[PDB]
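Quick notes on the structure that follows.
Chain identifiers are assigned alphabetically (A, B, ...) following the order of the sequence lines, protein sequences preceding nucleic acid strands; residue numbering begins at 1 within each chain. Reckoned from all heavy atoms, side chains included, excluding hydrogens, waters and symmetry mates.
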Amino acid sequence: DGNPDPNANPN
Amino acid sequence: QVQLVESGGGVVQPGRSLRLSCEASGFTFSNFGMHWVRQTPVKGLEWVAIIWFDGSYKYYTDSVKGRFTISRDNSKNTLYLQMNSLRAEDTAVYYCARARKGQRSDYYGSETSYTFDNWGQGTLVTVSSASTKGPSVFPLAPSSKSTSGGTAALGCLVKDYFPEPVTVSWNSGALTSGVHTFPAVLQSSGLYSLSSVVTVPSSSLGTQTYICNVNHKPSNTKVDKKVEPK
Amino acid sequence: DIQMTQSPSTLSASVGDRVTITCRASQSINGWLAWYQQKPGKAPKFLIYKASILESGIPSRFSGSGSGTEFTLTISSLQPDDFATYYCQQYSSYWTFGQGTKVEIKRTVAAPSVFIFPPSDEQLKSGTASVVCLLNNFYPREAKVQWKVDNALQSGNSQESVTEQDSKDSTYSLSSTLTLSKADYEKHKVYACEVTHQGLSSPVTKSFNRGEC
């Protein structure tokens, strides 16, 4: 499935 | 250069608390999610908790829920782990790590997942009901039972101390060839025990003095033990 | 949780060898697999992500492949600084790690020298008896060590320690301690350590009789 983005940007 | 510098570990009894800190430099700390991960010899590497870049969301591994809190202060560039209600099984090296897009940086879309890249140097957390105790130092004395060919073995058994570490030298550091000081084992009592041995010519036993020098700084125990043959 | 397993747990290799480490998952993880390297007393270092992408600055002798449940890490030509432990990690659902594969220095088979030590009178006077068996400078690391007291196998009342691989001759050593109460010790005669290792042409038993001292 994957783990969600925890950073300020998607880069 | 990305840098994560940790502090706060130590030795405590169960039920007590510790707070770990992780200070970041070399990157824009407030842009990144952060993690705590822990490591033990038996259980290996275990993820502990994650926190969003701005602290707006966070979650935990099941075994620490209700006891550990992850937090951060983006004005001090610091990540924290508040560890309450500590248990013996929380004993580990604790690492902070920076969240990382686990995909090509220029890719954007549904097939993305996140992991973590740079780790701090680690801080040791030891949780035990044992209390500080210096070692007994017993001889491992050379005999026909510890000879093979023209080599004899002799040593010292440094038994029932807490916490780590102990240091052992031989003949005040003049004897190093053939010395093996073994990693300590943790006994079911919660105390450690260590052996330090040296192999020497069997012909030397009659005339050469062998003394192991043991220092256990936490208990202020310092012992010189002369080991003679049986 | 998704369970990760690596194989083998220890791998012996020489400088210049091609080395491959495998990692399996308990269910499909897509390509969300990362690899880390760790040396003693140091933090893990990020090597590879999405199974096959090298982190910037990692040497190109490293590479990775795989999808689904089966992944590999390959070092095309092992360098002296590549002896280390390598961990796989899935990041498809939370984060779980394999148990690690240690890459050790390969050398020729070396038999242990075997030594036994009776308990000291100082320890006996305090009420306990520790017997120590030493295996010195052997290779490979796997060795069979058994404690026998008047021919009864002892299980659960000994502990062992193994050194790191020696910097000079690439061998291991092993220390095992059998502990009894003084009372139990004085009820038996023959204390023996028996060692089996492929470098020895027979099992080696070192023993003493209580009171032989």
Side-chain angles (χ1 to χ4, degrees), chain B residues 7-12 14 16 18 40-41 86 88 90-93 122-142 153-176 178-198 209-228, chain C residues 40-41 117 119-124 126-134 158-163 173-179 181-182:
Chain B
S7 61
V11 177
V12 308
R16 306 209 52 250
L18 289 170
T40 67
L86 278 160
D90 296 320
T91 296
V93 175
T123 188
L124 186 54
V125 169
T126 297
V127 185
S128 172
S129 69
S131 48
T132 302
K133 188 195 176 279
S136 287
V137 181
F138 301 120
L140 297 170
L154 55 107
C156 287
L157 183 63
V158 179
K159 194 171 185 306
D160 296 345
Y161 63 90
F162 183 84
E164 289 267 62
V166 289
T167 56
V168 178
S169 57
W170 283 88
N171 291 353
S172 296
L175 175 58
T176 52
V179 177
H180 290 295
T181 295
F182 285 86
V185 296
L186 177 56
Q187 305 169 109
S188 49
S189 52
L191 311 176
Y192 298 91
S193 166
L194 169 152
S195 62
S196 182
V197 304
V198 54
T209 295
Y210 295 107
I211 297 164
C212 72
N213 322 110
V214 182
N215 195 0
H216 177 246
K217 300 219 189 49
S219 64
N220 308 315
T221 303
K222 196 187 303 267
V223 171
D224 295 318
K225 180 84 208 183
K226 184 167 173 184
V227 174
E228 302 184 326
Chain C
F117 301 101
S120 68
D121 300 321
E122 299 100 299
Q123 185 182 25
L124 288 171
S126 73
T128 84
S130 294
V131 190
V132 174
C133 183
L134 169 67
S158 62
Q159 289 182 285
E160 71 184 13
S161 185
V162 178
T163 52
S173 299
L174 184 154
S175 179
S176 181
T177 302
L178 175 69
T179 299
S181 70
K182 177 178 66 182

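- At a threshold of 4.5 Å between non-hydrogen side-chain atoms, the residues B:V166 and B:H216 count as touching.
- The side chain to side chain contact (heavy atoms under 4.5 Å, CB included) test with B:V137 is passed by exactly one of B:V223, B:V168, B:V227, B:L157: B:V223.
- Pairing each heavy atom of B:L191 with each of B:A130, the nearest pair is CD2-CB, 4.2 Å.
- For B:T181 against B:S196, the heavy-atom pair with the smallest separation is OG1-OG, 2.7 Å.
- One finds the CG atom of B:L140 at 8.5 Å from the CG atom of B:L154 (value rounded to the nearest 0.5 Å).
- If you check the side chains of B:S169 and B:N213, you find a donor sitting under 3.5 Å from an acceptor.
- With 3.5 Å as the limit, one finds a donor-acceptor pair spanning the side chains of B:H180 and C:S173.
- Looking at every heavy atom in both residues, C:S176 comes nearest to C:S158 through OG-CB, 4.2 Å.
- By the 4.5 Å heavy-atom criterion applied to side chains, B:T176 and B:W170 are not counted as neighbours.
- If you check the side chains of B:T126 and B:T91, you find no donor sitting under 3.5 Å from an acceptor.
- Atom NZ of C:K182 is separated from atom OG1 of C:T128 by 10.0 Å, given to the nearest 0.5 angstrom.
- B:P139 has its side chain within reach of B:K225: a pair of non-hydrogen atoms, C-beta onward, lies under 4.5 Å apart.
- For B:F162 against B:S128, the heavy-atom pair with the smallest separation is CZ-CB, 3.8 Å.
- Note: B:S172 OG to B:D224 CG = 6.5 Å, rounded to the nearest 0.5 Å.
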Applying side chain to side chain contact (heavy atoms under 4.5 Å, CB included) to B:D160 and B:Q187, what does each step give before you reach the verdict? CA-CA 8 Å; B:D160 296 345; B:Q187 305 169 109; 2.7 Å; yes

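- You'll find the side chain of C:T177 stays beyond 4.5 Å of the side chain of C:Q159, heavy atoms only.
- In this structure a side-chain-to-backbone donor-acceptor pair under 3.5 Å is missing from C:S175 to C:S161.
- Under the rule for a side chain to side chain donor-acceptor pair (under 3.5 Å), B:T132 has no partner lying at least two apart in sequence or in another chain.
- One N or O on the side chain of C:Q123 and one on the backbone of C:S130 form a donor-acceptor pair closer than 3.5 Å.
- Between B:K226 and B:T209 there is a side-chain heavy-atom pair separated by less than 4.5 Å.
- Rounded to the nearest 0.5 angstrom, B:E164 CD and B:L194 CG are separated by 7.5 Å.
- Counting only heavy atoms from C-beta outward, the side chains of B:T221 and B:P135 approach each other to under 4.5 Å.
- The heavy-atom pair separating B:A92 from B:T40 by the smallest distance is CB-CG2, 3.6 Å.
- Distance check: B:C156 SG to B:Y210 OH gives 13.0 Å after rounding to the nearest 0.5 Å.
- Residues B:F182 and B:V197 form a side-chain contact, since some pair of their non-hydrogen atoms from C-beta on lies under 4.5 Å apart.
- In this structure the side chain of B:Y161 never reaches within 4.5 angstrom of the side chain of B:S219, judged on heavy atoms.
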